[PDB]
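Visitor: Contents of start39.csv (CSV, C-alpha atoms) are below:
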chain,number,residue,atom,x,y,z
A,10,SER,CA,0.0,0.0,0.0
A,11,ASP,CA,3.1,2.2,0.2
A,12,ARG,CA,5.6,0.2,-1.9
A,13,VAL,CA,3.5,0.2,-5.1
A,14,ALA,CA,2.8,3.5,-6.7
A,15,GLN,CA,1.7,5.0,-10.1
A,16,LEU,CA,2.4,8.6,-11.2
A,17,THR,CA,0.4,9.8,-14.2
A,18,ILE,CA,0.6,13.3,-15.6
A,19,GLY,CA,0.0,14.6,-19.1
A,20,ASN,CA,0.1,11.7,-21.5
A,21,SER,CA,2.8,9.8,-19.6
A,22,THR,CA,2.5,7.2,-16.8
A,23,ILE,CA,5.3,6.0,-14.5
A,24,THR,CA,4.7,2.9,-12.4
A,25,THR,CA,6.8,1.3,-9.6
A,26,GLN,CA,6.5,-1.8,-7.5
A,27,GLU,CA,9.3,-1.1,-4.9
A,28,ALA,CA,8.6,2.5,-4.1
A,29,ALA,CA,9.5,4.2,-0.8
A,30,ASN,CA,6.7,6.8,-0.5
A,31,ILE,CA,6.8,10.3,-2.1
A,32,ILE,CA,8.6,13.4,-0.8
A,33,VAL,CA,6.9,16.7,-1.3
A,34,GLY,CA,9.6,19.4,-1.3
A,35,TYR,CA,9.3,21.5,1.9
A,36,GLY,CA,5.7,20.2,2.3
A,37,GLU,CA,4.3,22.2,-0.5
A,38,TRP,CA,2.6,21.1,-3.7
A,39,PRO,CA,3.3,23.0,-6.9
A,40,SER,CA,0.7,25.7,-7.6
A,41,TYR,CA,0.1,28.5,-10.1
A,42,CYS,CA,1.2,32.1,-9.2
A,43,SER,CA,-1.4,34.0,-7.3
A,44,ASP,CA,-2.5,37.4,-8.6
A,45,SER,CA,-1.2,39.1,-5.5
A,46,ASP,CA,2.3,37.6,-6.1
A,47,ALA,CA,2.5,38.1,-9.9
A,48,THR,CA,4.3,41.1,-11.2
A,49,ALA,CA,4.2,40.8,-15.0
A,50,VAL,CA,1.1,42.3,-16.6
A,51,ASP,CA,0.8,40.1,-19.6
A,52,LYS,CA,-1.4,37.0,-19.4
A,53,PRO,CA,0.8,33.9,-18.9
A,54,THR,CA,0.4,30.9,-21.1
A,55,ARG,CA,-0.4,27.5,-19.4
A,56,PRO,CA,0.0,24.8,-22.0
A,57,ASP,CA,-0.8,22.2,-19.4
A,58,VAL,CA,-0.7,18.6,-20.8
A,59,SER,CA,1.8,19.5,-23.6
A,60,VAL,CA,4.5,20.3,-21.0
A,61,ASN,CA,3.4,18.6,-17.8
A,62,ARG,CA,4.6,15.2,-18.7
A,63,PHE,CA,7.3,12.7,-17.6
A,64,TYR,CA,10.5,13.3,-19.6
A,65,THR,CA,13.1,10.5,-19.6
A,66,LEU,CA,16.3,12.5,-20.4
A,67,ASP,CA,19.3,10.3,-20.0
A,68,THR,CA,20.7,7.1,-18.4
A,69,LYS,CA,23.8,6.9,-16.3
A,70,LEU,CA,25.7,3.8,-15.4
A,71,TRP,CA,26.4,3.2,-11.7
A,72,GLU,CA,29.8,1.6,-11.1
A,73,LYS,CA,31.7,0.5,-8.0
A,74,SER,CA,34.0,3.5,-8.3
A,75,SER,CA,31.4,6.2,-9.3
A,76,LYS,CA,31.6,9.6,-7.6
A,77,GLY,CA,28.2,10.9,-8.3
A,78,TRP,CA,26.3,13.1,-10.8
A,79,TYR,CA,24.2,16.3,-10.7
A,80,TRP,CA,21.6,17.9,-13.0
A,81,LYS,CA,20.4,21.5,-13.3
A,82,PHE,CA,16.8,22.5,-13.6
A,83,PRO,CA,15.1,23.5,-15.9
A,84,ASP,CA,18.4,23.4,-17.9
A,85,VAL,CA,17.8,19.7,-18.5
A,86,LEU,CA,14.6,20.5,-20.3
A,87,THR,CA,15.5,23.8,-22.0
A,88,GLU,CA,16.1,21.8,-25.1
A,89,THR,CA,13.5,19.0,-24.8
A,90,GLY,CA,10.1,19.0,-26.5
A,91,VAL,CA,7.2,21.5,-26.2
A,92,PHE,CA,8.5,22.4,-22.8
A,93,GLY,CA,11.8,23.4,-24.2
A,94,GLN,CA,10.2,25.3,-27.1
A,95,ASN,CA,8.0,27.3,-24.7
A,96,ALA,CA,11.0,28.0,-22.4
A,97,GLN,CA,12.9,29.3,-25.5
A,98,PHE,CA,10.0,31.4,-26.8
A,99,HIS,CA,9.1,32.9,-23.4
A,100,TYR,CA,11.2,35.1,-21.2
A,101,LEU,CA,9.5,34.2,-17.8
A,102,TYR,CA,9.3,30.8,-16.3
A,103,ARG,CA,7.5,29.2,-13.3
A,104,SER,CA,6.8,25.5,-12.6
A,105,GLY,CA,7.2,22.8,-10.1
A,106,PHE,CA,8.8,19.4,-10.8
A,107,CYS,CA,8.3,15.7,-10.0
A,108,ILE,CA,11.7,13.9,-10.2
A,109,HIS,CA,11.6,10.1,-10.4
A,110,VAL,CA,15.0,8.5,-10.3
A,111,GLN,CA,15.1,4.8,-11.4
A,112,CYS,CA,17.8,2.5,-10.3
A,113,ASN,CA,16.9,-1.2,-10.3
A,114,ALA,CA,19.0,-4.1,-9.2
A,115,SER,CA,18.6,-7.7,-7.9
A,116,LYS,CA,18.4,-9.0,-4.3
A,117,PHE,CA,22.1,-9.9,-4.4
A,118,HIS,CA,23.2,-6.3,-5.3
A,119,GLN,CA,24.0,-3.7,-2.6
A,120,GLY,CA,24.5,0.0,-2.5
A,121,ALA,CA,22.8,3.2,-1.5
A,122,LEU,CA,22.1,6.4,-3.5
A,123,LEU,CA,21.4,9.8,-2.0
A,124,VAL,CA,19.0,11.6,-4.3
A,125,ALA,CA,18.6,15.2,-3.1
A,126,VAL,CA,17.3,18.5,-4.5
A,127,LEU,CA,19.5,21.5,-3.6
A,128,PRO,CA,18.0,24.9,-4.6
A,129,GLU,CA,20.4,27.4,-6.1
A,130,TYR,CA,23.2,24.8,-6.3
A,131,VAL,CA,26.1,27.1,-7.3
A,132,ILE,CA,29.0,25.1,-8.6
A,133,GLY,CA,32.5,26.3,-7.6
A,134,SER,CA,35.9,25.6,-9.0
A,135,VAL,CA,38.9,24.0,-7.3
A,136,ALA,CA,40.6,27.4,-7.5
A,137,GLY,CA,43.7,25.8,-8.9
A,138,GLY,CA,44.1,23.4,-6.0
A,139,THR,CA,46.0,25.8,-3.7
A,140,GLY,CA,43.3,28.4,-3.8
A,141,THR,CA,45.3,31.3,-5.2
A,142,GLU,CA,43.7,31.2,-8.6
A,143,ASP,CA,40.3,32.9,-9.1
A,144,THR,CA,38.8,30.4,-11.6
A,145,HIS,CA,35.2,30.0,-12.6
A,146,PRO,CA,33.5,26.8,-13.8
A,147,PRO,CA,33.0,26.6,-17.6
A,148,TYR,CA,29.6,27.0,-19.3
A,149,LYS,CA,29.5,23.2,-19.9
A,150,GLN,CA,29.9,22.7,-16.1
A,151,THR,CA,27.6,25.4,-14.7
A,152,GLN,CA,24.9,24.4,-17.3
A,153,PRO,CA,25.7,20.8,-18.1
A,154,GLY,CA,22.4,20.2,-20.0
A,155,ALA,CA,20.7,16.9,-20.3
A,156,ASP,CA,23.9,14.9,-19.8
A,157,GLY,CA,24.4,16.1,-16.2
A,158,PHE,CA,27.9,16.3,-14.8
A,159,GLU,CA,30.0,14.0,-12.7
A,160,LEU,CA,31.1,15.4,-9.4
A,161,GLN,CA,34.9,15.7,-8.9
A,162,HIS,CA,34.8,16.0,-5.1
A,163,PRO,CA,31.4,14.7,-3.9
A,164,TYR,CA,32.4,15.1,-0.3
A,165,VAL,CA,32.2,18.9,-0.8
A,166,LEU,CA,29.8,18.6,-3.7
A,167,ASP,CA,32.3,20.7,-5.7
A,168,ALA,CA,30.9,23.7,-3.8
A,169,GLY,CA,32.6,23.6,-0.3
A,170,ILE,CA,29.5,22.1,1.4
A,171,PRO,CA,29.7,18.7,3.0
A,172,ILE,CA,27.4,16.0,1.7
A,173,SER,CA,26.8,14.8,5.2
A,174,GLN,CA,24.4,17.7,5.7
A,175,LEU,CA,22.8,17.4,2.3
A,176,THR,CA,19.8,15.5,3.9
A,177,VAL,CA,18.4,18.8,5.2
A,178,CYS,CA,17.2,19.3,1.6
A,179,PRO,CA,14.3,17.3,0.2
A,180,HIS,CA,15.9,13.9,-0.4
A,181,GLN,CA,15.2,10.1,-0.7
A,182,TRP,CA,17.5,7.1,-0.5
A,183,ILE,CA,17.7,4.4,-3.2
A,184,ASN,CA,19.0,1.5,-1.2
A,185,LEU,CA,19.0,-1.4,-3.6
A,186,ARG,CA,18.1,-3.9,-0.9
A,187,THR,CA,14.6,-2.3,-0.5
A,188,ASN,CA,13.6,0.3,-3.1
A,189,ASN,CA,14.6,0.9,-6.7
A,190,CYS,CA,13.1,4.4,-7.2
A,191,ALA,CA,13.1,7.8,-5.5
A,192,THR,CA,10.2,10.3,-6.0
A,193,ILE,CA,10.6,14.0,-5.1
A,194,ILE,CA,8.0,16.6,-5.8
A,195,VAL,CA,9.6,20.1,-5.8
A,196,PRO,CA,7.6,23.3,-6.0
A,197,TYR,CA,8.9,26.5,-7.5
A,198,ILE,CA,11.8,27.7,-5.3
A,199,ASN,CA,12.9,31.2,-6.0
A,200,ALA,CA,12.8,34.8,-4.6
A,201,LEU,CA,10.8,35.9,-7.7
A,202,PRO,CA,7.4,34.9,-9.0
A,203,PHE,CA,8.9,34.4,-12.4
A,204,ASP,CA,12.5,34.0,-13.7
A,205,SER,CA,14.3,33.2,-17.0
A,206,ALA,CA,14.3,29.5,-17.8
A,207,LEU,CA,17.7,29.9,-19.6
A,208,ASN,CA,19.9,32.1,-17.5
A,209,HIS,CA,18.7,31.0,-14.0
A,210,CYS,CA,18.7,27.4,-12.7
A,211,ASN,CA,16.2,27.2,-9.8
A,212,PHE,CA,17.7,24.0,-8.2
A,213,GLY,CA,20.1,21.2,-8.9
A,214,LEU,CA,19.4,17.5,-8.4
A,215,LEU,CA,22.2,15.4,-6.9
A,216,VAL,CA,22.5,11.6,-7.2
A,217,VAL,CA,25.6,10.6,-5.2
A,218,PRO,CA,26.2,6.9,-4.1
A,219,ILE,CA,27.1,7.1,-0.5
A,220,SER,CA,27.6,3.3,-0.1
A,221,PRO,CA,29.6,1.9,-3.0
A,222,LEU,CA,27.9,-0.6,-5.3
A,223,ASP,CA,29.0,-4.2,-4.8
A,224,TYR,CA,28.2,-7.6,-6.2
A,225,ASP,CA,30.0,-10.9,-6.7
A,226,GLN,CA,31.4,-11.6,-10.1
A,227,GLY,CA,28.8,-13.1,-12.4
A,228,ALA,CA,25.9,-10.9,-11.7
A,229,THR,CA,24.7,-8.2,-14.0
A,230,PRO,CA,27.6,-5.6,-14.0
A,231,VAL,CA,25.6,-2.8,-15.7
A,232,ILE,CA,23.4,-1.1,-13.2
A,233,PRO,CA,21.9,2.0,-15.0
A,234,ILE,CA,20.5,5.1,-13.2
A,235,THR,CA,17.7,6.7,-15.2
A,236,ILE,CA,16.3,10.2,-14.4
A,237,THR,CA,12.6,10.8,-15.2
A,238,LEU,CA,10.9,14.1,-14.4
A,239,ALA,CA,7.7,16.0,-15.1
A,240,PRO,CA,7.1,19.8,-14.7
A,241,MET,CA,4.1,20.6,-12.7
A,242,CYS,CA,1.9,23.7,-13.0
A,243,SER,CA,4.2,25.2,-15.7
A,244,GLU,CA,3.6,28.9,-16.6
A,245,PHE,CA,5.3,31.0,-19.3
A,246,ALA,CA,5.3,34.7,-20.0
A,247,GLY,CA,7.0,37.4,-22.1
A,248,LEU,CA,6.9,35.8,-25.5
A,249,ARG,CA,9.4,36.8,-28.2
A,250,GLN,CA,11.5,35.2,-30.8
A,251,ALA,CA,13.2,31.9,-29.8
A,252,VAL,CA,16.5,32.1,-27.9
A,253,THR,CA,18.8,29.0,-28.0
A,254,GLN,CA,20.9,29.7,-24.9
B,1,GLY,CA,-28.8,98.9,-7.5
B,2,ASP,CA,-28.8,96.4,-10.3
B,3,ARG,CA,-31.7,96.9,-12.8
B,4,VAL,CA,-30.1,96.2,-16.2
B,5,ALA,CA,-29.9,92.6,-17.3
B,6,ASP,CA,-26.3,92.7,-18.3
B,7,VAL,CA,-25.4,93.6,-14.7
B,8,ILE,CA,-27.9,91.4,-12.9
B,9,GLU,CA,-27.0,88.3,-14.9
B,10,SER,CA,-23.3,89.2,-15.0
B,11,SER,CA,-20.7,86.6,-13.9
B,12,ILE,CA,-18.4,89.3,-12.7
B,13,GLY,CA,-17.3,88.6,-9.1
B,14,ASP,CA,-17.5,84.8,-9.4
B,15,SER,CA,-14.3,84.0,-7.5
B,16,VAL,CA,-14.6,80.2,-7.5
B,17,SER,CA,-11.9,78.6,-9.6
B,18,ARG,CA,-13.6,76.0,-11.7
B,19,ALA,CA,-11.3,73.0,-11.5
B,20,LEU,CA,-12.0,70.2,-14.1
B,21,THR,CA,-10.0,67.8,-12.0
B,22,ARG,CA,-10.0,66.7,-8.4
B,23,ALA,CA,-7.3,64.9,-6.4
B,24,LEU,CA,-8.0,61.3,-5.6
B,25,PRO,CA,-6.1,59.1,-3.1
B,26,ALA,CA,-3.6,56.7,-4.6
B,27,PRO,CA,-1.6,54.9,-1.9
B,28,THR,CA,-0.3,52.2,-4.3
B,29,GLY,CA,0.1,51.7,-8.0
B,30,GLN,CA,-3.0,51.0,-10.0
B,31,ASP,CA,-4.0,47.3,-10.3
B,32,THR,CA,-4.1,45.5,-13.6
B,33,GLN,CA,-7.4,43.9,-14.5
B,34,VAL,CA,-8.0,40.8,-16.6
B,35,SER,CA,-8.3,41.4,-20.4
B,36,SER,CA,-9.2,39.2,-23.3
B,37,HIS,CA,-8.9,39.3,-27.1
B,38,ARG,CA,-11.1,42.1,-28.5
B,39,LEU,CA,-12.0,42.2,-32.2
B,40,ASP,CA,-14.4,45.1,-32.8
B,41,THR,CA,-14.8,48.0,-35.3
B,42,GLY,CA,-15.4,51.7,-34.8
B,43,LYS,CA,-14.0,51.7,-31.3
B,44,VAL,CA,-10.2,52.0,-31.1
B,45,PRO,CA,-8.2,52.7,-27.9
B,46,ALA,CA,-4.8,52.3,-29.6
B,47,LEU,CA,-5.1,55.3,-31.9
B,48,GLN,CA,-4.8,58.6,-30.0
B,49,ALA,CA,-4.0,62.2,-30.8
B,50,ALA,CA,-1.0,63.8,-29.1
If you convert what's in this file into structure tokens, what do you get?
Guide:
Amino acid sequence: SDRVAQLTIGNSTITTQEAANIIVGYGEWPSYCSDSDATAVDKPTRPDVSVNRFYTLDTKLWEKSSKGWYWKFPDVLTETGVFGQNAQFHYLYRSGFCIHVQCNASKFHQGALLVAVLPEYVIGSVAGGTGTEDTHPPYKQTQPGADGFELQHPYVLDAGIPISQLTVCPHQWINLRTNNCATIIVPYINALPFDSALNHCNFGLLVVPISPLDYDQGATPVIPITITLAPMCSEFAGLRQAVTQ
Amino acid sequence: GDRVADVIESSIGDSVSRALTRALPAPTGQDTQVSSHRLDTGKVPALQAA
């Protein structure tokens, strides 16, 4: 009654038979912007089912020596489908999200993934190691796209913040012994009712294996991690010609 | 006294300053109301005369 679940939105349906309940980010469901909070005067467009659907963006292979990966939102969808088209044609952006991470193994595999959502996850550079060099992460690292990016130092999350305290953010654990999926529902987290879907990344999703994957030789060595996500209550405003980046 | 019509009916002395406008309170900026597509002829808010 809590291990089996089915999430349907738009024209896509995601099922699961070994779920571990659903986390609502900060105990708040996604909702449309209230008229007392909106600041733009133009009437926003609400395409509804054409954008509020589960997008399966990429598949990452979990290995015994993996460090972890992170994705930026809504960067991952800035170039995907009708949602990406609307985000390119419209200046303003507002939506929630429903992130479903899939990672399935057998009863003889072991390992634990920490799936967390960190708002305004600003990536820092290693500052040339010693710290005397004022470097900045490249565009391909600050906005990795749909491929995500592999963490270099997951202990500090490449941002000087320990991962041991990452659980203060909305998070779920994919421990292969019990559950093979993590569901996090994240409302719009920003200091503004609307923001640019290209320049600003509202939050970053982190998938870091805390307990290394292990299995005896002979079992299936390819354990993929697949990210599936669906915007919720998406709004757009400030239409103009399309902008690619 | 006043016996001629041009003096009796004269507006000379009317010291009230006819003001076409009156000040109205406006503590905050004006609200924006809902609008929809409007396709009509004869009536045109866009065209003005500076």
Visitor: Tell me, counting only C-alpha atoms, for each residue of region 211-250 of chain A within 12 Å of region 147-157 of chain A, which pair of atoms is nearest and how far apart they are in Å to one decimal, in rows ordered by chain and increasing number, as a Markdown table.
Guide:
| residue | atom | partner | partner_atom | distance |
| --- | --- | --- | --- | --- |
| A:211 | CA | A:152 | CA | 11.8 |
| A:212 | CA | A:152 | CA | 11.6 |
| A:213 | CA | A:157 | CA | 9.9 |
| A:214 | CA | A:157 | CA | 9.4 |
| A:215 | CA | A:157 | CA | 9.6 |
| A:216 | CA | A:157 | CA | 10.2 |
| A:235 | CA | A:156 | CA | 11.3 |
| A:236 | CA | A:155 | CA | 10.0 |
| A:237 | CA | A:155 | CA | 11.4 |
| A:238 | CA | A:155 | CA | 11.8 |
Visitor: Kindly provide the residues of chain A that approach chain B to within 10 Å, each paired with its closest atom pair and their distance in Å to one decimal, based on only C-alpha atoms, listed by chain and increasing number, as JSON lines.
Guide:
{"residue": "A:44", "atom": "CA", "partner": "B:32", "partner_atom": "CA", "distance": 9.7}
{"residue": "A:45", "atom": "CA", "partner": "B:31", "partner_atom": "CA", "distance": 9.9}
{"residue": "A:48", "atom": "CA", "partner": "B:32", "partner_atom": "CA", "distance": 9.8}
{"residue": "A:49", "atom": "CA", "partner": "B:32", "partner_atom": "CA", "distance": 9.6}
{"residue": "A:50", "atom": "CA", "partner": "B:32", "partner_atom": "CA", "distance": 6.8}
{"residue": "A:51", "atom": "CA", "partner": "B:35", "partner_atom": "CA", "distance": 9.2}
{"residue": "A:52", "atom": "CA", "partner": "B:34", "partner_atom": "CA", "distance": 8.1}
Visitor: Within 10 Å of (13.1, 1.3, 1.0) in the file's own coordinates, which protein, DNA or RNA residues have an atom, counting only C-alpha atoms? List them as a list in words.
Guide: residues 12, 27, 28, 29, 30, 181, 182, 183, 184, 185, 186, 187, 188, 189, 190 and 191 of chain A
Visitor: Would you list the contacts of region 222-234 of chain A as a list in words, taking every protein, DNA or RNA residue within 6 Å and counting all atoms listed in the file, but skipping same-chain residues closer than 3 positions in sequence?
Guide: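 These residues fall inside the cut-off: residues 68, 69, 70, 71, 73, 111, 112, 118, 119 and 120 of chain A.
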Visitor: Name the residues in contact with region 126-133 of chain A at a cut-off of 10 Å, using all atoms listed in the file, excluding same-chain residues fewer than 5 positions from it; report them as a ChimeraX atom specification.
Guide: /A:34,79-82,108,144-147,150-152,160,166-169,175-181,193-195,197-199,209-216
Visitor: What gap, in Å, lies between CA of residue 64 (chain A) and CA of residue 76 (chain A)?
Guide: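 So the answer is 24.6 Å.
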Visitor: What lies within 6 Å of residue 103 (chain A) using only C-alpha atoms, ignoring chain neighbours under 6 positions off, as a ChimeraX atom specification?
Guide: /A:203,243-244
Visitor: Work out how far apart CA of residue 249 (chain A) and CA of residue 107 (chain A) are and give it in Å to one decimal.
Guide: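 Between these atoms lies a distance of 27.9 Å.
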